[PDB]
Participant: 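Just dropping this structure here.
Below, chains carry the letters A, B, ... as their sequence lines are ordered, and counting in each starts from 1.
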Amino acid sequence: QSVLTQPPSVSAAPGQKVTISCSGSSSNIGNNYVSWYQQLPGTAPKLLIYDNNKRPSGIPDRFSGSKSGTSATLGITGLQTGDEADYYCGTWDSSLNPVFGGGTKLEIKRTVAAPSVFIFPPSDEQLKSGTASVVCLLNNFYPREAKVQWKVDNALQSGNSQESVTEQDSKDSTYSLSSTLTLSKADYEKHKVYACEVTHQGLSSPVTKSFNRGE
Amino acid sequence: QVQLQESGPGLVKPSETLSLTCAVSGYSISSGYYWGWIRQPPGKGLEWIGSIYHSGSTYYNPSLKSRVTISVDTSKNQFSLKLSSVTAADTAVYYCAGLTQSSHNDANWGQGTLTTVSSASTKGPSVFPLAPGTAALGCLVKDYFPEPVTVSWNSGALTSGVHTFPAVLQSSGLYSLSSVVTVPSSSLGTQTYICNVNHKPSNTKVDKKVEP
Ligand SMILES: *[P@@](=O)(O[C@H]1C[C@H]2CC[C@@H](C1)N2C)c1ccccc1
Ligand SMILES: [Cl-]
């Protein structure tokens with residue numbers, strides 16, 4: 001999909017500045033105006049800069065652009081947690097067709113925060129349908145690296161869980177993570193102790209949340 | 001304001017034709033300078049598809065040109081995209097967009113609609129509760145296809161502390177997603193918590209109360 005090259009990610013603390021580069025060729029950036037877009041998660045791109053360096057109405061002067069040669073740069077000063085987003089550059093190519101960069105994710109640096117951990121047994125409603133999903137939630141932690149280990153009657157589970165992680169929170173810059181252990185109903189009823197053990201830089205030792213089936 | 005709204009998300013089978021429309025409110029379609037479409041494959045960047053100008057002239061991405069048709073329907077005040085002979089490489093969020101006057105800087109964008117090209121079939125979810133000074137509770141939205149599902153809490157009244165996770169594709173070929181929220185433990189006995197799930201591809205909406 002992408003034609004222009006951007007770094008995959010940039011990061012800084014609130015109040016700091018970042019720059020995001022966009023590198024092209026003489027027949028795209030070299031000859032044409034560059035535009036920049038912000039894409040907050042789950043939303044459409046929103047124009048930040050057009051004609052290399054101009055801001056549309058509504059965009060504050062913390063955003064700026066420039067173009068030099070076959071490269072362009074977006075600057076963001078006074079970083080806020082709301083600026084967490086993907087940023088894209090765009091220009092026209094030798095056919096005057098629109099082309100994009102591949103995007104840069106901006107991550108906001110913050111203090112270490114340990115996750116709060118919760119475990120949820122399968123619902124009776126799901127067990128009546130024949131399956132069991134056990135869910136472990138790691139809420140509002142930083143940095144993003146975390147490890148969840150499942151144990152069922154002290155057996156370490158490997159390969160029968162899946163996890164996903166939120167985008168960085170727009171207010172407090174943390175992440176949250178959900179991990180689901182899936183078992184058949186028959187297997188779920190063969191074991192008693194279900195445990196989620198969490199390792200994270202914010203935790204001086206791993207935290208385990210557990211329950212006993214039916215107790 | 002001017003609003004653009006793509007038709008709803010879903011599934012198209014390989015070799016078949018993807019058809020999307022974009023309804024325009026707040027601007028006459030025949031007055032617009034150009035209308036067009038851009039897509040975003042999942043986890044990737046933006047890719048222009050094509051545009052139709054006020055004149056009626058069209059310009060398409062050269063790599064897609066043989067498969068693309070963009071047109072305007074002035075009675076519906078809408079424009080369309082047809083993309084024939086689709087494959088999994090056409091799976092993407094499709095956005096419509098237009099520049100209503102050539103002097104405008106900002107185009108107006110739609111919200112994006114995810115089209116999945118797959119030989120699998122549409123399946124609606126089951127919604128299960130994740131029952132609960134701070135308590136967590138949630139909904140597990142299991143066994144649906146294709147993406148996406150949306151989840152709100154308390155009809156949009158509850159937003160603080162909500163986390164709706166990316167879905168995972170299970171080995172069965174179906175997606176599963178969780179949505180959680182953290183609330184005061186004291187509120188569990190007095191505040192009702194309902195997750196509002198919508199799976200537009202299967203036309204499945206469920207409002208599930210989560211009880212302590
Ligand atoms: P971008 O979506 O274009 C904006 C800003 C300027 C240029 C066209 C219209 C909408 N405005 C008049 C864009 C530009 C180039 C490549 C990709 C995207
Ligand atoms: Cl725009």
Side-chain angles (χ1 to χ4, degrees), chain A residues 2-6 22-37 39 44-47 50 70 72 86-103, chain B residues 4 6-7 9 12 14-22 24 29 32-72 78-99 102 106-117:
Chain A
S2 76
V3 174
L4 307 175
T5 297
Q6 293 189 55
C22 175
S23 320
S25 72
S26 57
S27 54
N28 58 43
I29 297 177
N31 289 342
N32 291 105
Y33 285 125
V34 177
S35 300
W36 290 92
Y37 296 87
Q39 190 179 35
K46 177 168 80 155
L47 185 64
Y50 72 92
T70 62
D86 292 340
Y87 295 82
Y88 292 90
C89 58
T91 190
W92 292 272
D93 66 11
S94 62
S95 302
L96 292 185
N97 292 328
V99 298
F100 295 96
Chain B
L4 276 56
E6 301 78 355
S7 53
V12 182
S15 80
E16 295 192 6
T17 295
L18 167 167
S19 177
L20 292 175
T21 58
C22 187
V24 177
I29 203 111
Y33 179 57
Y34 69 71
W35 302 111
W37 294 92
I38 295 96
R39 66 180 182 181
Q40 185 168 31
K44 293 203 174 180
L46 306 171
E47 174 177 40
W48 176 67
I49 299 158
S51 303
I52 189 170
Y53 279 85
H54 182 269
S55 70
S57 292
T58 49
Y59 284 105
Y60 303 151
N61 180 321
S63 73
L64 304 172
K65 178 185 177 53
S66 57
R67 299 188 303 129
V68 166
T69 305
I70 295 169
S71 61
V72 164
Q78 61 165 43
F79 62 103
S80 58
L81 171 64
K82 291 180 178 287
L83 182 70
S84 62
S85 298
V86 297
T87 74
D90 296 312
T91 290
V93 175
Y94 287 74
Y95 293 98
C96 56
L99 189 68
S102 59
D106 283 89
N108 295 271
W109 290 81
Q111 301 79 21
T113 188
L114 180 61
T115 297
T116 296
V117 175

Participant: Whether the side chain of B:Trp48 engages the backbone of A:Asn97 through a donor-acceptor N/O pair (distance < 3.5 Å, no angle test) should be reported.
Facilitator: no
Participant: Is there a side-chain contact between A:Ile29 and A:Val34, using heavy atoms and a 4.5 Å cut-off?
Facilitator: yes
Participant: Distance check, rounded to the nearest 0.5 Å: B:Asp106 atom CG versus A:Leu47 atom CG?
Facilitator: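 B:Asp106 CG to A:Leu47 CG: 5.0 Å, rounded to 0.5 Å.
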Participant: Going by the rule side-chain contact (heavy atoms from CB on, under 4.5 Å), which residues pair with B:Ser71 if we only count those two or more places apart in sequence or in a different chain?
Facilitator: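 Applying side-chain contact (heavy atoms from CB on, under 4.5 Å) to B:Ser71 gives B:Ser80.
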Participant: Output the distance between atom CG (A:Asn28) and atom SG (A:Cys22), rounded to the nearest 0.5 Å.
Facilitator: 8.0 Å
Participant: Check side-chain contact (heavy atoms from CB on, under 4.5 Å) between B:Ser57 and all other residues, then give those that pass, not counting sequence neighbours.
Facilitator: B:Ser55
Participant: Is any side-chain heavy atom of B:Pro14 closer than 4.5 Å to a side-chain heavy atom of B:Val117?
Facilitator: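 Yes - at least one pair of side-chain heavy atoms lies under 4.5 Å apart.
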Participant: Apply salt bridge (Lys or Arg N to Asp or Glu O under 4.0 Å) to A:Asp93 and list each qualifying residue two or more places apart in sequence or on a separate chain.
Facilitator: none
Participant: Go through the structure and list residues passing ring-ring contact (aromatic ring centres under 6.0 Å, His included) with B:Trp37, not counting sequence neighbours.
Facilitator: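 For B:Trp37, the residues satisfying ring-ring contact (aromatic ring centres under 6.0 Å, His included) (neighbours in sequence not counted) are B:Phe79.
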Participant: For B:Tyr60, what residues pass the ring-ring contact (aromatic ring centres under 6.0 Å, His included) criterion, not counting sequence neighbours?
Facilitator: none
Participant: Please tell me if the side chains of B:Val12 and B:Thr17 come closer than 4.5 Å, counting only heavy atoms from C-beta onward.
Facilitator: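 Sidechains of B:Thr17 and B:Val12: no contact.
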Participant: Report the residues that fulfil ring-ring contact (aromatic ring centres under 6.0 Å, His included) with B:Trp109, sequence neighbours left out, ordered by chain and then residue number.
Facilitator: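 Listed in chain order: B:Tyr95.
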